[PDB]
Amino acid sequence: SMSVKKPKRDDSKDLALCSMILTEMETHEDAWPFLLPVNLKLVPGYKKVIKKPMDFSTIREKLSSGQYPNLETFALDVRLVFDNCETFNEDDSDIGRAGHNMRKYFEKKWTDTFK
């Protein structure tokens, strides 16, 4: 509360560490469905169904331009990518499996890096 602070966790390296993690995401062989925005003009249903589209290039732009106020907002956007993927794609599809693989991949790097 007022004049009562929790010990401040060191966050000075978060920007660099999230960038590193995103780089490993981008270079994963199953990253291809998530590198660019889904094309809203060509994919039926997607614009109406997926209220908040997200992808790695958009996350990269936001990270590079100071649009994540903290660790958690970055993680929320990464998870949003995979939540969207689950909403729109069957689990037993190439893209569906990609999403599951990438989410697993992310959450490990996230745990290892910050926990």
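Numbers follow the displayed sequence, beginning with 1. Take the two forms, find the largest set of C-alpha atoms that superpose within 1.5 Å, and that set is the rigid core.
*Using RMS Cα distance over all structures and residues, flag whichever of 19 to 27 and 6 to 14 lies farther from this form in 8 other deposited structures of this protein after a core fit.*
Of the two stretches, the larger average C-alpha offset in 8 other deposited structures of this protein falls on 6 to 14.
*In the PDB record, does 84 to 92 or 49 to 57 carry the higher mean Cα temperature factor?*
For C-alpha atoms only, the mean B-factor is higher in 84 to 92.
*Taking the mean of the C-alpha B-factors per stretch from the entry, tell me the winner out of 102 to 110 and 5 to 13.*
Stretch with the higher mean C-alpha B-factor: 5 to 13.
*Among the modelled residues of its chain, does the C-alpha B-factor of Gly66 lie in the lowest, middle or highest third?*
Middle third - that is where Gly66 ends up once the chain's C-alpha B-factors are sorted.
*asked:* Test of reading the entry: by CA B factor among the chain's modelled residues, which third contains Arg79?
replied: Ranked within chain, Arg79 CA B lands in the lowest tercile.
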